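Participant: an experimental structure, sequence included, is below.
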Amino acid sequence: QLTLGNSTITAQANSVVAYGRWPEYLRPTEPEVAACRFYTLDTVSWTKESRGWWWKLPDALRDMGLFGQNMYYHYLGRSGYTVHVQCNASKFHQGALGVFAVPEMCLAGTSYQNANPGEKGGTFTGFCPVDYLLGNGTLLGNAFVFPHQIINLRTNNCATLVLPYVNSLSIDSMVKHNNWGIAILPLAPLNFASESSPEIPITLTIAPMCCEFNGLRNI
Amino acid sequence: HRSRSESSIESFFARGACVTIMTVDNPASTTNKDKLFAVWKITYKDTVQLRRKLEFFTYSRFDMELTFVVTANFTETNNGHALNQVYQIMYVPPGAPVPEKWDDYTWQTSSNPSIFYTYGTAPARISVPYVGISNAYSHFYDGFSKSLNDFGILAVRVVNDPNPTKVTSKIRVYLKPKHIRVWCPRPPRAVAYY
Amino acid sequence: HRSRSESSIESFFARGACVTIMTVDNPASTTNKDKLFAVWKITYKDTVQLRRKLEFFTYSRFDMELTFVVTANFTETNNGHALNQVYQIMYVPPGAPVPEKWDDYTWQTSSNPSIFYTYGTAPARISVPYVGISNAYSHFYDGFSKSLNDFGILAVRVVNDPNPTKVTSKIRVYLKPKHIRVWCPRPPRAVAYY
Amino acid sequence: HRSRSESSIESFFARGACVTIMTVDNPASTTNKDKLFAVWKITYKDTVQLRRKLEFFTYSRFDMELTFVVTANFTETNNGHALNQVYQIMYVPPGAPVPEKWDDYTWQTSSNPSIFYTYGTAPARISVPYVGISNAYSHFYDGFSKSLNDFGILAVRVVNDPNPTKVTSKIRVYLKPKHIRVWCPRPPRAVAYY
Amino acid sequence: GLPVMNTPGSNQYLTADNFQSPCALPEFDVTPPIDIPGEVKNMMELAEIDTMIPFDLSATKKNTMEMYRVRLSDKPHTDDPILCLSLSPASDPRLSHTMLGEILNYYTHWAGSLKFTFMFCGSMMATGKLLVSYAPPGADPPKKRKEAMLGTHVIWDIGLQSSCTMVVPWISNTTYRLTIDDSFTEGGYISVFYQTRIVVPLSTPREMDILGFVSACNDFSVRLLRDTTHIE
Amino acid sequence: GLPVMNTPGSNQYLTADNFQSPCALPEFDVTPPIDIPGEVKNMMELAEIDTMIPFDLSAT
Amino acid sequence: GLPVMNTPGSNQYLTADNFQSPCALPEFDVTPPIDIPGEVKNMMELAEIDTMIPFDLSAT
């Protein structure tokens, strides 16, 4: 049970701090608990046919209350994250997910309505980015260079990524530039014993860390 | 005992390689066509080797070391004995006006640095420092307006006056990125994508 | 952390820019017209950029760093193979006699410094020190006789003897004011006034 | 009192001697035949003197000091006044692709070092370090697959564009092995065996 | 005064020198670096990252996500390797795309120890054993379980372990072995054998998957850049 | 002796260098400065002066 | 500045000089020597070895 403000998720596969750098305050504001909640996005049902799901940050949290109303009513904004994927599955389900935190994730198969979906996330394909190349024109095998983790449904079912603020500028407008990108890809397709539940849910849980906004826009 | 100091960023990247072949020519005294001043916007996205080597990473900070190899040839059997051509090689920094004529003020403007090269001597050479607004170049941009980092432009012409020889010339530009740092490794793009 | 050491007087002003294009020519052996020695009185009031940058201030003390880029061309199809021209570039200090012939004594006089330039080598170069009667140049003078500061003159000719080629030449002069100080800022003149 | 420091390995071996004469030519504007880029695999087994001096020993570690003497001549009575040729002299290290065309990428590739030489200046010069997989060259190998040490290749061409002159050229290559060590002396081969 | 004599090798452009060049903008305050996370010092730091091996390059499975995983069925088990993999990176088609074939395709000489991690993407209930065998260079690819067991092997009990790691040691006469030489085809093999058929309870699916990851070890190294990336 | 090898980028005129140049009048006693009031060191010292804004640019 | 006057015997290739030359591969880790037995320092060390004399050079 976590302690971040109003929201608490029951979490029992250890944290994978991307690039070995913890998100730290710029050396602004200090939202404290204003936005540092655990915004549990909607769950996506992993099935035997699904090919992938791609979210983008902070675009995913563009409607999440205080964070959404702080990144949109400011001008400069920086914040790390603590993306946390959980795939609730029983002992009779087999599979493996790869969670990749793709900085500057340019899924060039690009209108702003196609590359910034938001809470819905997206879906790769075999807008239809190619899963085989991760949507980046590059073989999926190399994708493991990106700070990632593997959720194998016989050793663990949760994966935590601590994403720091990675951007060419020390602080950038959160409404235009998507620093990171979370791509979940089935490495080994789901399979299960007969009559078991045929679609296991996956829940992301983003917790903005060390968020700082500068500027303001009235209203 | 091995070293490992040959897979360093500077060792991997600090290799000169031709990035363009700018064609100019000294107009004939008949003035059939005016000077063909050659203008080329500095961009690494035309050489497969350098681009591919730079797409292993997201952000980079590399200082350029341009160098120019000048060659020329008469287009007619008659020699004409044109006295050694003098080439003006102007580096138009990022944002400055782009020359549009062989007699535009931009050639004479004070801001744009220029090199004067007499055909025959050792190759010209400059070193454009890290010229960028942000704190690191970006080869992949996930944002939208409201990548394509501007390094500047190179405009080359022949200062000499018209002579009835039609002396064509081709300046080869070699770019050696030095003092290069790179962050955020990425998967390498296939060689067919360029 | 920013610098502010790019808006300094020397950084703002110490930029070379062509101030004139002096035309000379080697007379043909037919002696149709004698040598066209080119004489130009050093003045910044012909370049818009330098003049405008200097009119932000009332008084200035700037040392000049003249440099000469020499180019030439045959005017006839026949080569004639004129051996490399030798140019005499004489700096007539302020007040000295102004040459009026291509064979006047002023070329041979001891006082006037001169440079001898073989067409092809690195550009000539001198550095006229702060040469003025007063203690600072004046771009705006409120007095009357009983501005127009005299920096000197530059006279260039071809030492070589007549040859039947009509080798025309155009010396471009680049002036880079160095060690420049400026006092008494003034409103900047519009760009249409020059 | 005598010295004996003239029969040292370096004194005995460190003598420059022509190892090849690579023939190239600037194609005529008629394009009768394309550029004759000259490619030569660095090997000492074509000079009797150096080979014989090296066969006194089994294993050797010698650094090369290649040097290039460039000469050219017009093949036709008409001068054509071709502007001074520019030669690209590329050292293709051991294992890299061997150029097969005068416009192949290998000329523009980043890995292969290259020298640009304007006909007339001081001779080009490089120094290929001890480039070998093993810890010493081997002139006699007693094993079998499943000698012929690879030192690299030298490929030379004329960067200049076609000109109707047919300017033939012959680059003489001089190799001076420096920092040379030798082990395991052997009987000297007769001078008829080569 | 101070006379100077120019030497051979002057007025030339050797594209390997570091002679100082004149700054084009000597009065420019460059934007300082801001210490972005994730800096790479040596390209070897990219090799060490465990990328994925495309085991199955079949005409149909290729170009998709089906290439990277090998199916461990529960039917024939004809005492032949599940997968045999050559230990010559940058030359093996199925091992020359894993960020070791992408860094060793820019160099000519390599000398280090690799590291293969096999992960088993099956159910917790599935139990059995596998046999990971390493035939050193100069040997032949073992083609039966007994011969592989007689060599240098590790028994991988998938029931109680999910990933098996094997560090191929660096054994070679020279200090650096050429990357792409077609003469040397005995660089050693790593093979996987069915020690015991898989046992699963109830209706648990028979078909399962195994993934491979190939990474460099901390003592890897390369030499003599090549850069053969042409386009035409 | 003391051999010297010229490098690429020689015999050129880069209009940004500060290589020393030979004085044309090396025997001249330049008039000394007399410390006139109102010296400007950086052009920013001209920006800081509060100038006036032309709010109404109407045609008349 | 620092003017330099070139001397006679410049721009020449005397095949006996040791003027430094630019390395073609300045980023190469050469394979170190491994101390093989049987190194020769001076060619005289080959003369001192007692070879054999062909006393009878008869045609047969």
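Facilitator: Looks like it arrived, so ask away. Residues are numbered from 1 along each chain as shown, chains lettered A, B, ... in the order given.

Participant: helices along chain A, start to end?
Facilitator: For chain A, the helices defined by DSSP state H cover A:66-71, A:112-115.

Participant: out of those, which is the most enclosed?
Facilitator: Among those, helix A:66-71 has the highest mean neighbour count (mean count of other CB atoms under 10 Å in any protein chain shown), at a mean of 20. All C-beta atoms are positioned from the backbone trio N, CA, C, and that covers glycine.

Participant: from the middle of its chain, how far away would that helix be?
Facilitator: 17 Å (CA atoms, centre = their mean, to the nearest Å).

Participant: picking that back up, nearest to chain D, out of the helices of chain A?
Facilitator: Among the helices of chain A, helix A:112-115 comes nearest to chain D, with 33.1 Å by CB to the nearest CB.

Participant: now that closest one - C-alpha only, CSV.
Facilitator: In CSV, the C-alpha atoms belonging to helix A:112-115 read as follows (Å, rounded to 0.1, in the frame of the first residue of the first chain):
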residue,chain,number,x,y,z
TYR,A,112,-0.9,15.8,-33.8
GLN,A,113,-4.2,13.9,-33.4
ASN,A,114,-2.5,10.6,-34.3
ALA,A,115,0.7,10.8,-32.3
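
Participant: contact partners for the closest residue to chain G within chain A?
Facilitator: Closest residue of chain A to chain G, CB to the nearest CB: residue A:145 (24.3 Å). For residue A:145, the contacting residues are B:185-187, E:46, E:49, E:51, E:99, by CB atoms under 8 Å, 6 or more residues apart in numbering or on different chains.

Participant: what does residue B:74 give?
Facilitator: By CB under 8 Å, 6+ apart, residue B:74 lies in contact with B:80, B:82, B:165-167, D:80-83, D:163.

Participant: do the same with residue E:186
Facilitator: Contacts of residue E:186 (CB under 8 Å, 6+ apart): E:137-140.

Participant: show me which of those residues are buried.
Facilitator: Buried by 16 or more other CB atoms under 10 Å in any protein chain shown: residue E:137, out of these.

Participant: how far away is residue A:197 from chain C?
Facilitator: Per CB to the nearest CB, to the nearest Å, residue A:197 is found 59 Å from chain C.

Participant: which residue comes closest to that residue once chain neighbours are left out?
Facilitator: residue A:90 (7.6 Å; CB to CB, 6 or more residues apart in numbering or on different chains).

Participant: please apply the same query to residue A:196.
Facilitator: In space, and not counting its chain neighbours, residue A:196 is closest to residue A:92: 5.3 Å by CB to CB, 6+ apart.

Participant: so which residue is dead centre in chain A?
Facilitator: residue A:182 (4.0 Å; CA atoms, centre = their mean).

Participant: beta partners for that one?
Facilitator: For residue A:182, the beta-bridge partners are residue A:55, residue A:101 (DSSP bridges).

Participant: would you mind giving the contacts of residue B:74 as TSV with secondary structure, neighbour count and distance to residue D:114 added?
Facilitator: Shown next, in TSV, are the contacts of residue B:74 (DSSP: H, G, I helix; E, B strand; the rest coil; neighbours: other CB atoms under 10 Å in any protein chain shown; distance: CB to CB, whole Å):
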residue	secondary structure	neighbour count	distance to residue D:114
B:80	coil	21	31
B:82	coil	23	28
B:165	coil	26	29
B:166	coil	19	29
B:167	coil	22	25
D:80	coil	20	27
D:81	coil	18	27
D:82	coil	21	22
D:83	coil	21	20
D:163	coil	23	22
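
Participant: give me the subset of those residues that also touch chain C.
Facilitator: Applying CB under 8 Å from any CB of the partner chain to the contacts of residue B:74, one finds that B:80, B:82, D:81 fall near chain C.

Participant: so the last one makes contact with residue B:83?
Facilitator: No - in this structure residue D:81 lies outside contact range of residue B:83 using CB atoms under 8 Å: 11.5 Å.

Participant: pull the number of nearby residues for the closest residue in space to residue A:137 that isn't next to it in sequence.
Facilitator: Leaving aside its chain neighbours, residue A:137 sits nearest to residue B:193 (5.1 Å; criterion: CB to CB, 6+ apart). Neighbour count for residue B:193, taken as other CB atoms under 10 Å in any protein chain shown: 14.

Participant: any idea how far residue B:193 is from residue B:52?
Facilitator: With distances taken as CB to CB, to the nearest Å, residue B:193 is found 9 Å from residue B:52.

Participant: chain F versus the residue nearest to residue A:37 when sequence neighbours are not counted, what's the distance?
Facilitator: Excluding its sequence neighbours, the residue lying closest to residue A:37 (CB to CB, 6+ apart) is residue A:7, at 4.7 Å. Residue A:7 sits 50 Å away from chain F, going by CB to the nearest CB.

Participant: tell me the SS of the residue nearest to residue E:144 when sequence neighbours are not counted?
Facilitator: With sequence-adjacent residues excluded and distances taken as CB to CB, 6+ apart, residue E:144 is closest to residue E:79, at 5.7 Å. In three-state terms, and counting by DSSP: H, G, I helix; E, B strand; the rest coil, residue E:79 is coil.

Participant: ok so, going back, gap between the residue of chain A closest to chain G and residue B:129?
Facilitator: 30 Å.

Participant: the chain: strands as residue ranges?
Facilitator: Since you didn't name a chain, this refers to chain A. For chain A, applying DSSP state E gives strands covering A:16-17, A:39-40, A:44-46, A:53-57, A:76-80, A:84-87, A:93-101, A:148-152, A:158-162, A:180-192, A:200-206, A:209-214.

Participant: hm, I was asking about chain E
Facilitator: E:51-52, E:69-71, E:83-86, E:109-110, E:114-121, E:127-135, E:152-156, E:163-166, E:177-178, E:189-199, E:209-216, E:222-223.

Participant: and the longest helix for chain E?
Facilitator: helix E:145-150.

Participant: now do it: everything it contacts.
Facilitator: With CB under 8 Å, 6+ apart, helix E:145-150 has contacts from E:79, E:81, E:131, E:133, E:135, E:142, E:191, E:193-195.

Participant: what's the PyMOL line that selects buried ones from those?
Facilitator: Buried residues within the contacts of helix E:145-150, by 16+ other CB under 10 Å, are selected in PyMOL with:
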select buried, chain E and resi 81+131+133+135+142+191+193+194+195
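
Participant: where does chain B come near chain G, residue by residue?
Facilitator: Within reach of chain G by CB under 8 Å from any CB, chain B has these residues: B:1-3, B:5-6, B:11.

Participant: nothing else from me, thank you.
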